[PDB]
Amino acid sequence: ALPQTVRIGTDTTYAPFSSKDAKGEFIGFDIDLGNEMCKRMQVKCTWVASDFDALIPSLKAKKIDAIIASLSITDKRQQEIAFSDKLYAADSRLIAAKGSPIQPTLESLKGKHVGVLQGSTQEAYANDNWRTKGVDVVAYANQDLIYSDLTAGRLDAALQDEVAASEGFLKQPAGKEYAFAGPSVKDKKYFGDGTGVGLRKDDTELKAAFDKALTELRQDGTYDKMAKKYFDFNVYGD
């Protein structure tokens, strides 16, 4: 059976997907997606705020029943837990000066100076595809210096998470004359297969319910209406 009340864990420090408003209500695209799915599942859902690092432990311990918290669908996590179908993409993407012909390809990037955050999934992607193939990829301790190096012309391009740069640098005055260069880069190995509802492996009925609700709210246009509140692009991806 479904939970009487599905307890859904999230970390409310990640706008525009999950945060708290002035009245202490949970808000964001993750919250809209969860609530809409729950409505169609005809189950009660209670949101539970905690730190992201505690979510999978809480799920395994049955303190909560589901995770919606921009949780990447990784093969490593798939070994321990289950996921719904993709909620939206969490891919990376290059940023360069407006008008730049740069593409996220080895051919385009040879001769270029690319910056990436040290220790990141973006760094790993850039390492295997670009740096070891001869592209000047330089790793940074701090994202802020990546962006100030880009605007100063020290860097030609920066490889970042797509949505975070879209909400951050590209909407700040310093990023006004900058733009994504080429399409997002997609690879489950480095970036996962999108985000999804995190679930216990044996709760197959609950997975079936979330997946059914998601398919239905996507095909009747509710997904796109909800996403448009936060995003002016195809956040779902491919």
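Residue indices: 1-based, along the sequence shown.
Engineer: Would you tell me which stretch averages the higher CA B-factor in the PDB entry, 124-132 or 163-171?
Structural biologist: Mean C-alpha B-factor is greater for 163-171.
Engineer: Read off the CA B-factors in the entry, average them over 102-110 and over 81-89, and name the higher stretch.
Structural biologist: According to the PDB entry, the answer is 102-110.
Engineer: Looking at 63, 176, 207, 40, which one carries the largest C-alpha B-factor according to the PDB entry?
Structural biologist: Highest C-alpha B-factor among the listed residues goes to 176.
Engineer: Should residue 15 be placed in the lowest, middle or highest third of its chain by the C-alpha B factor in the entry?
Structural biologist: Highest third, going by the recorded CA B-factors of the chain.
Engineer: Comparing against every modelled residue in the chain, figure out the third that the C-alpha B-factor of residue 149 lands in (lowest, middle or highest).
Structural biologist: According to the entry, residue 149 has a C-alpha B-factor in the chain's lowest third.
Engineer: Going by what the PDB entry lists, where does residue 213 fall on CA B-factor within its chain: lowest, middle or highest third?
Structural biologist: Top third by C-alpha B-factor.
Engineer: Quick one: classify residue 192 as lowest, middle or highest third of the chain based on its Cα B-factor.
Structural biologist: It belongs to the highest third of the chain when residues are ordered by C-alpha B-factor.
Engineer: Name the third of the chain's ranked CA B-factors that contains residue 45, choosing lowest, middle or highest.
Structural biologist: CA B-factor rank for residue 45: highest third.
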